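Participant: Before I ask anything, here is the structure I am working with.
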Amino acid sequence: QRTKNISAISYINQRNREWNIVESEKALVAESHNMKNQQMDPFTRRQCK
Amino acid sequence: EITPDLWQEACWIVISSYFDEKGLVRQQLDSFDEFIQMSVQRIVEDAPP
Amino acid sequence: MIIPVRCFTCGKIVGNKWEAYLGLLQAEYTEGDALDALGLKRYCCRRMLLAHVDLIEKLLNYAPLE
Amino acid sequence: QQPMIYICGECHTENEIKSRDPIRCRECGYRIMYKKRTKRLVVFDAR
Ligand SMILES: [Zn+2]
Ligand SMILES: [Zn+2]
């Protein structure tokens, strides 16, 4: 009963989540790579003492 | 090996594992199971003859 | 629960594009590319395929008979 | 001559139930059954 559509939807979902995981990992490695300079106005963090 | 600056992604895998192992309402189920597992037996046993 | 028939804001027919969008995502394409491959220029009509949730499947799991 | 046909809960089999009768499926035997759609002129406007 689920051979079509019901199974294709699951296949696309699994492949899309895997693609999202790899996309996140590549974004992370790229963010680590481009560590030249970070000068931005709208961001701040506390620094006690 | 420590995980420097690749940690936003690794931060949410642990969250996903937690929410997979234990549900959102896990405390209710655990409390009720412990009741049905020990509390009833305790109450019926400690009652004097 | 099911893909609408028309884009709320625009009005362009989008109901006949859910299966195609799924196929394009499945083969190799990515969403940002599949969307313009189908021909959805205005960002108003893209939310139809990106945001839409497909619950009709869960509904069909509860087959009345057999 | 309408015996008020019903639809079994899980069997999804028709049954003939009359007044002053138990509500059960002809087979298996369940306590739930729904009615069948009316025969009236159900007309909607696609608005
Ligand atoms: Zn639109
Ligand atoms: Zn019965």
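Labeling convention for the structure tokens: chains A, B, ... as they appear, residues from 1 per chain, ligands from 1 in order of appearance.
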Throw together the list of residues within 12 Å of ligand 1, counting only C-alpha atoms and all ligand atoms, and drop it here as a list in words.
Facilitator: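 Counting only C-alpha atoms and all ligand atoms, the residues within 12 Å of ligand 1 come out as residues 4, 5, 6, 7, 8, 9, 10, 11, 12, 13, 14, 15, 35, 39, 40, 41, 42, 43, 44, 45, 46, 47, 48, 49, 50 and 51 of chain C.
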Participant: All residues within 9 Å of ligand 2 are required, counting only C-alpha atoms and all ligand atoms; please report them as a ChimeraX atom specification.
Facilitator: /D:8-9,11,15,23-33
Participant: Save the residues we just selected, N, CA, C and O atoms, as a compact mmCIF listing (two decimals), in the first residue's frame?
Facilitator:
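Saved as out38.txt:
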```
# COMPACT_ATOMS: atom_id res chain seq x y z
N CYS D 8 -20.27 -1.35 10.65
CA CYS D 8 -19.50 -1.86 11.77
C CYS D 8 -18.28 -1.00 12.01
O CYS D 8 -17.78 -0.30 11.12
N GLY D 9 -17.79 -1.04 13.25
CA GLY D 9 -16.67 -0.22 13.64
C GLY D 9 -15.40 -0.60 12.94
O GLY D 9 -14.84 0.19 12.18
N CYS D 11 -14.87 -4.00 11.36
CA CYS D 11 -15.12 -4.81 10.17
C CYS D 11 -15.38 -3.94 8.95
O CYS D 11 -15.07 -4.34 7.83
N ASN D 15 -24.55 -3.70 8.46
CA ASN D 15 -25.41 -4.52 9.30
C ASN D 15 -26.82 -3.96 9.25
O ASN D 15 -27.02 -2.77 8.99
N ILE D 23 -26.74 -3.66 19.77
CA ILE D 23 -25.89 -2.96 18.82
C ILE D 23 -24.59 -3.75 18.71
O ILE D 23 -23.67 -3.57 19.51
N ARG D 24 -24.53 -4.65 17.73
CA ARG D 24 -23.33 -5.45 17.54
C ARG D 24 -23.18 -5.78 16.07
O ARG D 24 -24.15 -5.79 15.31
N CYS D 25 -21.94 -6.06 15.67
CA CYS D 25 -21.66 -6.44 14.30
C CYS D 25 -22.11 -7.87 14.05
O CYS D 25 -22.02 -8.73 14.93
N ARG D 26 -22.58 -8.13 12.83
CA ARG D 26 -23.06 -9.46 12.50
C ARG D 26 -21.99 -10.51 12.71
O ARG D 26 -22.29 -11.65 13.09
N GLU D 27 -20.73 -10.16 12.49
CA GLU D 27 -19.60 -11.05 12.68
C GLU D 27 -18.69 -10.47 13.77
O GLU D 27 -18.96 -9.40 14.32
N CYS D 28 -17.62 -11.20 14.08
CA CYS D 28 -16.74 -10.85 15.18
C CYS D 28 -17.55 -10.45 16.41
O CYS D 28 -17.60 -11.17 17.40
N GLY D 29 -18.17 -9.28 16.34
CA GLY D 29 -18.98 -8.76 17.42
C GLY D 29 -18.29 -7.61 18.10
O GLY D 29 -17.43 -7.82 18.96
N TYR D 30 -18.66 -6.38 17.73
CA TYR D 30 -18.13 -5.19 18.37
C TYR D 30 -19.28 -4.30 18.79
O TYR D 30 -20.42 -4.47 18.36
N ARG D 31 -18.96 -3.33 19.64
CA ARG D 31 -19.96 -2.47 20.26
C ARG D 31 -20.00 -1.09 19.64
O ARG D 31 -20.72 -0.22 20.13
N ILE D 32 -19.24 -0.87 18.57
CA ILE D 32 -19.15 0.43 17.92
C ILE D 32 -19.59 0.27 16.48
O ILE D 32 -19.19 -0.69 15.81
N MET D 33 -20.39 1.21 16.00
CA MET D 33 -20.75 1.24 14.59
C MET D 33 -21.29 2.62 14.28
O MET D 33 -21.97 3.22 15.11
```
Participant: I need the chain C residues near chain D as JSON, numbers by chain; criterion: at most 10 Å, counting only C-alpha atoms.
Facilitator: {"C": [64, 65, 66]}
Participant: Using the chain letters and numbers from this document, which residues of chain B does DSSP assign to helix (DSSP H, G or I), as a VMD selection string?
Facilitator: chain B and resid 8 to 21 26 to 46
Participant: Would you save the residues of that selection, restricted to C-alpha atoms, as an mmCIF file, in the first residue's frame?
Facilitator:
```cif
data_model
loop_
_atom_site.group_PDB
_atom_site.id
_atom_site.type_symbol
_atom_site.label_atom_id
_atom_site.label_comp_id
_atom_site.auth_asym_id
_atom_site.auth_seq_id
_atom_site.Cartn_x
_atom_site.Cartn_y
_atom_site.Cartn_z
ATOM 1 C CA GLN B 8 27.153 24.675 17.423
ATOM 2 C CA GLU B 9 26.393 21.532 15.443
ATOM 3 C CA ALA B 10 27.838 19.108 17.978
ATOM 4 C CA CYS B 11 25.816 20.918 20.630
ATOM 5 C CA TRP B 12 22.494 19.826 19.136
ATOM 6 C CA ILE B 13 23.349 16.185 18.481
ATOM 7 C CA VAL B 14 23.447 15.591 22.234
ATOM 8 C CA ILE B 15 20.103 17.366 22.557
ATOM 9 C CA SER B 16 18.659 15.186 19.814
ATOM 10 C CA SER B 17 19.939 12.040 21.505
ATOM 11 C CA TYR B 18 18.412 13.104 24.813
ATOM 12 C CA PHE B 19 15.029 13.931 23.323
ATOM 13 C CA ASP B 20 15.107 10.637 21.435
ATOM 14 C CA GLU B 21 15.938 8.484 24.447
ATOM 15 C CA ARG B 26 8.976 11.059 30.456
ATOM 16 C CA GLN B 27 8.680 12.262 34.056
ATOM 17 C CA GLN B 28 4.963 11.450 34.188
ATOM 18 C CA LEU B 29 5.485 7.949 32.828
ATOM 19 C CA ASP B 30 8.424 7.281 35.139
ATOM 20 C CA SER B 31 6.516 8.476 38.193
ATOM 21 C CA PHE B 32 3.477 6.382 37.359
ATOM 22 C CA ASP B 33 5.550 3.303 36.597
ATOM 23 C CA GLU B 34 7.442 3.636 39.871
ATOM 24 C CA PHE B 35 4.107 3.924 41.644
ATOM 25 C CA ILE B 36 2.744 0.764 40.016
ATOM 26 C CA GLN B 37 6.090 -0.956 40.559
ATOM 27 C CA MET B 38 6.781 -0.317 44.224
ATOM 28 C CA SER B 39 4.385 2.095 45.909
ATOM 29 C CA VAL B 40 1.378 -0.227 45.789
ATOM 30 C CA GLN B 41 3.342 -3.203 47.078
ATOM 31 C CA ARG B 42 4.805 -1.050 49.842
ATOM 32 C CA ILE B 43 1.402 0.208 50.955
ATOM 33 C CA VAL B 44 -0.193 -3.232 50.931
ATOM 34 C CA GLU B 45 2.722 -4.804 52.799
ATOM 35 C CA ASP B 46 3.308 -2.235 55.539
#
```
Participant: How many Å separate CA of residue 38 in chain C from CA of residue 20 in chain C?
Facilitator: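 If I compute the distance from CA of residue 38 in chain C to CA of residue 20 in chain C, I get 7.9 Å.
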Participant: Select, as a PDB file with N, CA and C atoms, in the first residue's frame, those residues of chain A with any atom no more than 12 Å from chain B (distances computed using only C-alpha atoms).
Facilitator:
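Result file is selection-v6.pdb:
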```
ATOM      1  N   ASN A  20      21.148  18.035   4.912  1.00  0.00           N
ATOM      2  CA  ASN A  20      21.205  19.138   5.866  1.00  0.00           C
ATOM      3  C   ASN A  20      22.332  18.942   6.870  1.00  0.00           C
ATOM      4  N   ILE A  21      22.555  17.704   7.313  1.00  0.00           N
ATOM      5  CA  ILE A  21      23.651  17.436   8.239  1.00  0.00           C
ATOM      6  C   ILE A  21      24.984  17.775   7.583  1.00  0.00           C
ATOM      7  N   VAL A  22      25.182  17.314   6.346  1.00  0.00           N
ATOM      8  CA  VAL A  22      26.438  17.607   5.658  1.00  0.00           C
ATOM      9  C   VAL A  22      26.548  19.099   5.361  1.00  0.00           C
ATOM     10  N   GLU A  23      25.426  19.748   5.041  1.00  0.00           N
ATOM     11  CA  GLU A  23      25.442  21.187   4.810  1.00  0.00           C
ATOM     12  C   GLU A  23      25.880  21.927   6.065  1.00  0.00           C
ATOM     13  N   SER A  24      25.347  21.524   7.218  1.00  0.00           N
ATOM     14  CA  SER A  24      25.745  22.126   8.481  1.00  0.00           C
ATOM     15  C   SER A  24      27.226  21.900   8.751  1.00  0.00           C
ATOM     16  N   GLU A  25      27.719  20.687   8.490  1.00  0.00           N
ATOM     17  CA  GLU A  25      29.127  20.411   8.756  1.00  0.00           C
ATOM     18  C   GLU A  25      30.031  21.233   7.840  1.00  0.00           C
ATOM     19  N   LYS A  26      29.670  21.356   6.559  1.00  0.00           N
ATOM     20  CA  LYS A  26      30.477  22.162   5.650  1.00  0.00           C
ATOM     21  C   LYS A  26      30.421  23.634   6.034  1.00  0.00           C
ATOM     22  N   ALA A  27      29.252  24.112   6.464  1.00  0.00           N
ATOM     23  CA  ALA A  27      29.150  25.486   6.938  1.00  0.00           C
ATOM     24  C   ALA A  27      30.037  25.702   8.154  1.00  0.00           C
ATOM     25  N   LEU A  28      30.073  24.727   9.062  1.00  0.00           N
ATOM     26  CA  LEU A  28      30.915  24.845  10.249  1.00  0.00           C
ATOM     27  C   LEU A  28      32.391  24.904   9.877  1.00  0.00           C
ATOM     28  N   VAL A  29      32.834  24.002   8.999  1.00  0.00           N
ATOM     29  CA  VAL A  29      34.246  24.000   8.625  1.00  0.00           C
ATOM     30  C   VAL A  29      34.598  25.280   7.878  1.00  0.00           C
ATOM     31  N   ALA A  30      33.686  25.777   7.038  1.00  0.00           N
ATOM     32  CA  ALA A  30      33.931  27.037   6.343  1.00  0.00           C
ATOM     33  C   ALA A  30      34.020  28.201   7.322  1.00  0.00           C
ATOM     34  N   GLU A  31      33.127  28.238   8.315  1.00  0.00           N
ATOM     35  CA  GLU A  31      33.177  29.295   9.316  1.00  0.00           C
ATOM     36  C   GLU A  31      34.493  29.257  10.078  1.00  0.00           C
ATOM     37  N   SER A  32      34.962  28.056  10.418  1.00  0.00           N
ATOM     38  CA  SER A  32      36.265  27.937  11.063  1.00  0.00           C
ATOM     39  C   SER A  32      37.377  28.422  10.141  1.00  0.00           C
ATOM     40  N   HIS A  33      37.273  28.115   8.846  1.00  0.00           N
ATOM     41  CA  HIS A  33      38.331  28.471   7.906  1.00  0.00           C
ATOM     42  C   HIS A  33      38.470  29.983   7.772  1.00  0.00           C
ATOM     43  N   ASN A  34      37.353  30.680   7.551  1.00  0.00           N
ATOM     44  CA  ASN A  34      37.371  32.123   7.311  1.00  0.00           C
ATOM     45  C   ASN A  34      37.440  32.856   8.652  1.00  0.00           C
ATOM     46  N   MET A  35      38.610  32.760   9.277  1.00  0.00           N
ATOM     47  CA  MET A  35      38.881  33.383  10.568  1.00  0.00           C
ATOM     48  C   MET A  35      39.846  34.557  10.420  1.00  0.00           C
TER      49      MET A  35
END
```
Participant: Kindly provide, as a compact mmCIF listing (two decimals) with N, CA and C atoms, in the first residue's frame, the residues of chain A having any atom no farther than 12 Å from an atom of chain C, counting only C-alpha atoms.
Facilitator:
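This went into selection-v4.txt:
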```
# COMPACT_ATOMS: atom_id res chain seq x y z
N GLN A 1 0.82 -1.20 0.00
CA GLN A 1 0.00 0.00 0.00
C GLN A 1 0.86 1.25 0.00
N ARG A 2 1.99 1.22 0.70
CA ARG A 2 2.85 2.38 0.85
C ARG A 2 4.01 2.39 -0.14
N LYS A 4 4.41 3.52 -3.15
CA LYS A 4 4.59 4.81 -3.79
C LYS A 4 4.14 5.92 -2.86
N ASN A 5 4.74 7.10 -3.03
CA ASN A 5 4.35 8.27 -2.26
C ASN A 5 4.73 8.11 -0.79
N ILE A 6 4.08 7.15 -0.12
CA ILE A 6 4.34 6.94 1.30
C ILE A 6 5.79 6.54 1.53
N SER A 7 6.39 5.83 0.58
CA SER A 7 7.79 5.44 0.68
C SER A 7 8.73 6.47 0.07
N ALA A 8 8.32 7.07 -1.05
CA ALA A 8 9.13 8.11 -1.67
C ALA A 8 9.28 9.31 -0.74
N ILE A 9 8.22 9.65 -0.01
CA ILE A 9 8.29 10.79 0.90
C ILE A 9 9.31 10.52 2.00
N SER A 10 9.31 9.30 2.55
CA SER A 10 10.30 8.95 3.56
C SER A 10 11.71 8.99 2.98
N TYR A 11 11.88 8.50 1.75
CA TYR A 11 13.21 8.51 1.13
C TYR A 11 13.71 9.94 0.97
N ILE A 12 12.85 10.83 0.46
CA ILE A 12 13.26 12.22 0.28
C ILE A 12 13.57 12.86 1.63
N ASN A 13 12.78 12.54 2.66
CA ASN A 13 13.03 13.11 3.98
C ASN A 13 14.39 12.68 4.52
N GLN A 14 14.69 11.39 4.44
CA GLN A 14 15.96 10.91 4.97
C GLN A 14 17.13 11.52 4.21
N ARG A 15 17.04 11.56 2.88
CA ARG A 15 18.13 12.13 2.10
C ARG A 15 18.26 13.62 2.37
N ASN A 16 17.14 14.32 2.58
CA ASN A 16 17.20 15.75 2.85
C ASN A 16 17.81 16.03 4.22
N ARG A 17 17.50 15.21 5.23
CA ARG A 17 18.11 15.43 6.54
C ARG A 17 19.60 15.10 6.50
N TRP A 19 21.47 15.49 3.82
CA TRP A 19 22.02 16.64 3.11
C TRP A 19 22.13 17.84 4.03
N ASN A 20 21.15 18.04 4.91
CA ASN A 20 21.21 19.14 5.87
C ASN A 20 22.33 18.94 6.87
N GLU A 23 25.43 19.75 5.04
CA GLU A 23 25.44 21.19 4.81
C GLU A 23 25.88 21.93 6.07
```
Participant: So how far away is CA of residue 55 in chain C from CA of residue 2 in chain C, in Å?
Facilitator: 6.9 Å
Participant: Can you list every residue in chain D that DSSP puts in strand (DSSP E or B), as a VMD selection string?
Facilitator: chain D and resid 5 to 8 14 to 16 33 to 35
